[PDB]
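Student: Take this structure, written in structure tokens, and hold onto it; I'll ask about it next.
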Number of protein chains: 2
Amino acid sequence: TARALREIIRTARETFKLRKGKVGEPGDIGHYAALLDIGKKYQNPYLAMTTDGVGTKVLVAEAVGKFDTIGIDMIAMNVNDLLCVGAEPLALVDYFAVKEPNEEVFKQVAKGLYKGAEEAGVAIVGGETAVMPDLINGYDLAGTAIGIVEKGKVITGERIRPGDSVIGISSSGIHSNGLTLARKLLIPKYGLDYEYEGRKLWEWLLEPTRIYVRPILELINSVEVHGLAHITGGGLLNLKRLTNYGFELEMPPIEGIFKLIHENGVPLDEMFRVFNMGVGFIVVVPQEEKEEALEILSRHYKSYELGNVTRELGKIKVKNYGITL
Amino acid sequence: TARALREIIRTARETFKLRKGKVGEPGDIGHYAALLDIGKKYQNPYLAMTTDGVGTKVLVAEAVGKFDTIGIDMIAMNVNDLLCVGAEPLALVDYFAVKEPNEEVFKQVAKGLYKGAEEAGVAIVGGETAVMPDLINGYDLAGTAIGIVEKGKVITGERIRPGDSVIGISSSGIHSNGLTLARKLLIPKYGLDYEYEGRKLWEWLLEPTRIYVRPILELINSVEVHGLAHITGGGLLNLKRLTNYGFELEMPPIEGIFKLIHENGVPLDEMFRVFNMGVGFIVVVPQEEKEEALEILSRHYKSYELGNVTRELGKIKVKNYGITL
């Protein structure tokens, strides 16, 4: 157990230098709890806290025997959520509930934790490993991330108004939602090795979740932002968390694993409420800032002018697919 | 799933008044992340973060169908850990991984979460519920607690010196560690209804973990404290996390569930490395403060003068049981 944990512990320590000299630097003293130096850079700060797991994507990792990217998924889900209040991610703790202390599994998990932490700019400051074979049939990974945002700079969605521009940033793929549906629909029929548009089914299902920290932090530092939505459970329904105004959108072509799922009988109205459908993060900006917002985001990832916020209330119209959510 | 989650969300919203006006008050704005007001009460603050779970105690809860105390266990484990750096607990998020969105189970879990939050003085500000029947055989409950400690007031263990007094605070019972051993040893032999000293075996195994926030916060604000150890996994071995110095201890009588376990053949040296054996929390203070520390702690719970820190580096001698760990 401790021997398996050594790989995670040593990797976590290597991420401390990501917050060296910055807000959130780990104190690295004492025991039982991690310490983060809040500092005085932020005059009147709010602390932002999120909690997110990977989901049954970890069952795909276990099936194929490739565990070196689920740490990226866990970190991505948490830090991408933190962005949605306008916070800069600082640090993360992991909850790792496992059926056995398999040292090879833990070593691989640590590799992805390090890569995800590097990309998100966060230190992994502690966590808990619970070996519970009676309770866990596999390797469950979740976490809690902490960020910081100035009072007065919190982005809630309250400033969203009709006419605002809606911009989508491409996902890397399926990310970490809808895997239960995808696993049940596709794996018995096709097999994990099935080749679809140049990639095996398991590669489509295990593609690591994209991390949006760098584009979004650059965006909020450069333009006024009215809303930020990480596209997770519920798909486009997450936009309704930001505002009661409506949306009229043109969504990107249905491609990759989403096309295969649709071709296996899942209707589009359901797909847009389950899968990210190619858009992993959506920003809402005053229409005056649309061009500059799209240019900042496009420097990092393929991004899309999706549409507008509408005076019509509550509805999400995906116009090029004839769908209303 | 939304029906079942409503039970916990409603209860968590009711805990917000526990931090109303105090440091750590939650903000009623935003989504995706919880927001905590750090305030001006602290001049140079460290943010303290812990992650801890209930363990397979939740399998006893599921066996008997009584879930309204495992939330106390989860909150207690986290806030008791936070105390060990000298931090005042502020807020908590829960990670709830379940085999199904059972509304009666969630309703019961919420009751214990509320009771634990009230006893610990923390707000429950968010969390994740993950419905994953292929991965979770039961209802797994864990969480992360956040607290605050002034930079100069961190209790590190660095100040522990030979001659320091070692004081134990009684546990409420088995707490949340050693349940795998207790379940495997006792349940098939005796049955959950087996009556021992007036309590059924499941009542012994499910007894909620004690919360030490009140005595420890009073202690640190009154006397010089050199070390604080919540007795969790590893039992007395947790004392070795605080210092390289040794310990000479007299442990309390073996009673209750620990006596039944001992009489079923578990050796005492193993027992002191697995179970809390009646001592849930240990403090280390200068010898001159021993009587004051005992008086403060004894206002709240039965407490023990256990012994002294020794120059015998790295050893824990339990001399009244002839044991060295």
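Residues in the structure tokens are named by chain (A, B, ... in the order shown) and by number from 1 within that chain; ligands are numbered from 1 in the order shown.
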Define the interface residues of chain A facing chain B as those within 7 Å, counting only C-alpha atoms, and report them as number ranges by chain.
Tutor: A: 29-39, 45-52, 55-56, 81-82, 84-85, 127-128, 132, 135-138, 156
Student: Can you spit out the residues from that selection as a compact mmCIF listing (two decimals), in the first residue's frame, using N, CA, C and O atoms?
Tutor:
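What landed in part-v4.txt:
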```
# COMPACT_ATOMS: atom_id res chain seq x y z
N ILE A 29 4.69 21.95 5.39
CA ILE A 29 5.03 21.74 6.79
C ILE A 29 3.81 21.15 7.47
O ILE A 29 2.67 21.30 7.01
N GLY A 30 4.04 20.46 8.58
CA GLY A 30 2.95 19.88 9.33
C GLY A 30 2.46 18.58 8.71
O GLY A 30 3.04 18.02 7.78
N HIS A 31 1.34 18.10 9.26
CA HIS A 31 0.86 16.76 8.92
C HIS A 31 -0.66 16.74 8.96
O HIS A 31 -1.28 17.61 9.58
N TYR A 32 -1.24 15.75 8.27
CA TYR A 32 -2.68 15.50 8.23
C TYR A 32 -3.43 16.41 7.28
O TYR A 32 -4.54 16.08 6.85
N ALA A 33 -2.89 17.58 6.99
CA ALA A 33 -3.58 18.51 6.10
C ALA A 33 -2.54 19.24 5.26
O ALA A 33 -1.43 19.51 5.73
N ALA A 34 -2.91 19.54 4.03
CA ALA A 34 -2.08 20.37 3.17
C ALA A 34 -2.30 21.83 3.52
O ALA A 34 -3.37 22.23 3.99
N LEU A 35 -1.27 22.63 3.31
CA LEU A 35 -1.33 24.06 3.60
C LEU A 35 -1.04 24.82 2.31
O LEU A 35 -0.08 24.50 1.62
N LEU A 36 -1.89 25.79 1.99
CA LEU A 36 -1.67 26.63 0.82
C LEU A 36 -1.50 28.06 1.28
O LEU A 36 -2.32 28.57 2.04
N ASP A 37 -0.44 28.72 0.80
CA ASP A 37 -0.22 30.12 1.17
C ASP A 37 -1.14 30.98 0.30
O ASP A 37 -0.93 31.09 -0.91
N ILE A 38 -2.15 31.59 0.91
CA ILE A 38 -3.08 32.42 0.15
C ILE A 38 -2.40 33.73 -0.27
O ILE A 38 -2.63 34.24 -1.37
N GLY A 39 -1.55 34.27 0.59
CA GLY A 39 -0.80 35.46 0.24
C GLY A 39 -1.63 36.72 0.33
O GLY A 39 -2.74 36.75 0.86
N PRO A 45 -10.11 38.22 -1.50
CA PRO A 45 -10.34 37.04 -2.33
C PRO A 45 -11.45 36.13 -1.81
O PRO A 45 -11.68 35.99 -0.61
N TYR A 46 -12.16 35.53 -2.77
CA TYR A 46 -12.98 34.36 -2.53
C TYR A 46 -12.15 33.13 -2.83
O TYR A 46 -11.35 33.12 -3.77
N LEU A 47 -12.36 32.07 -2.06
CA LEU A 47 -11.77 30.78 -2.35
C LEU A 47 -12.81 29.95 -3.10
O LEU A 47 -13.97 29.88 -2.69
N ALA A 48 -12.42 29.38 -4.23
CA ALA A 48 -13.33 28.58 -5.04
C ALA A 48 -12.97 27.11 -4.89
O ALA A 48 -11.79 26.76 -4.86
N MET A 49 -13.99 26.27 -4.78
CA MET A 49 -13.82 24.86 -4.44
C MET A 49 -14.75 24.03 -5.31
O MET A 49 -15.96 24.28 -5.34
N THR A 50 -14.21 23.04 -6.00
CA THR A 50 -15.06 22.15 -6.77
C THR A 50 -14.73 20.70 -6.43
O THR A 50 -13.66 20.40 -5.91
N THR A 51 -15.67 19.81 -6.72
CA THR A 51 -15.46 18.38 -6.50
C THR A 51 -16.00 17.62 -7.70
O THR A 51 -17.15 17.82 -8.10
N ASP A 52 -15.17 16.76 -8.29
CA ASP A 52 -15.52 16.07 -9.52
C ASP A 52 -14.78 14.75 -9.60
O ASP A 52 -13.62 14.66 -9.20
N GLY A 55 -15.87 9.30 -13.47
CA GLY A 55 -16.97 8.51 -13.99
C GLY A 55 -16.49 7.15 -14.48
O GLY A 55 -15.36 6.73 -14.22
N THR A 56 -17.37 6.45 -15.21
CA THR A 56 -17.02 5.09 -15.62
C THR A 56 -16.05 5.05 -16.78
O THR A 56 -15.71 3.96 -17.25
N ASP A 81 -14.07 23.17 -14.16
CA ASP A 81 -15.20 23.69 -13.39
C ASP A 81 -14.83 24.96 -12.64
O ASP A 81 -15.63 25.90 -12.57
N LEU A 82 -13.62 25.00 -12.08
CA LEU A 82 -13.18 26.18 -11.33
C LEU A 82 -13.18 27.40 -12.22
O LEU A 82 -13.51 28.51 -11.78
N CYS A 84 -15.20 28.29 -14.29
CA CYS A 84 -16.52 28.80 -14.61
C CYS A 84 -16.99 29.88 -13.65
O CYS A 84 -17.95 30.58 -13.97
N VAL A 85 -16.35 30.05 -12.50
CA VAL A 85 -16.62 31.23 -11.67
C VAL A 85 -15.57 32.30 -11.88
O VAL A 85 -15.55 33.31 -11.16
N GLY A 127 -4.09 13.94 -0.57
CA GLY A 127 -5.24 13.15 -0.95
C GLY A 127 -5.33 11.92 -0.08
O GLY A 127 -4.60 11.76 0.89
N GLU A 128 -6.25 11.04 -0.46
CA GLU A 128 -6.47 9.83 0.31
C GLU A 128 -6.56 8.65 -0.64
O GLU A 128 -7.19 8.75 -1.68
N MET A 132 -10.34 -0.85 -0.72
CA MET A 132 -11.64 -1.30 -0.23
C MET A 132 -12.23 -2.28 -1.23
O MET A 132 -13.24 -1.99 -1.88
N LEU A 135 -15.94 -2.89 -1.52
CA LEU A 135 -16.78 -1.76 -1.91
C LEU A 135 -16.50 -1.25 -3.32
O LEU A 135 -17.41 -0.72 -3.96
N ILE A 136 -15.28 -1.41 -3.82
CA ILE A 136 -14.87 -0.83 -5.10
C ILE A 136 -14.45 -1.96 -6.04
O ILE A 136 -13.56 -2.74 -5.70
N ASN A 137 -15.12 -2.07 -7.19
CA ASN A 137 -14.69 -2.99 -8.26
C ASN A 137 -13.92 -2.26 -9.34
O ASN A 137 -14.35 -2.14 -10.49
N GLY A 138 -12.76 -1.81 -8.96
CA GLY A 138 -11.90 -1.20 -9.92
C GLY A 138 -11.08 -0.12 -9.23
O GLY A 138 -10.68 -0.27 -8.08
N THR A 156 -20.61 34.89 -12.79
CA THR A 156 -21.73 34.06 -12.34
C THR A 156 -22.69 33.68 -13.46
O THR A 156 -23.41 32.68 -13.32
```
Student: Name the residues of region 1-229 of chain B that fall into strand (DSSP E) according to DSSP on the backbone, using the chain letters and numbers of this document, as a PyMOL selection string.
Tutor: chain B and resi 25-26+34-37+45-53+88-98+123-131+139-150+165-170+195-196+199-200+227-229
Student: Could you give me the residues within region 5-225 of chain B that DSSP places in alpha helix (DSSP H), as a PyMOL selection string?
Tutor: chain B and resi 5-14+57-64+70-83+103-120+179-190+201-206+213-220
Student: Hey, can you check how far CA of residue 18 (chain B) sits from CA of residue 117 (chain B)?
Tutor: 8.1 Å
Student: Just checking: using only C-alpha atoms, which residue out of A:107, A:273, A:184, A:311 ends up closest to residue 244 (chain A)?
Tutor: A:311
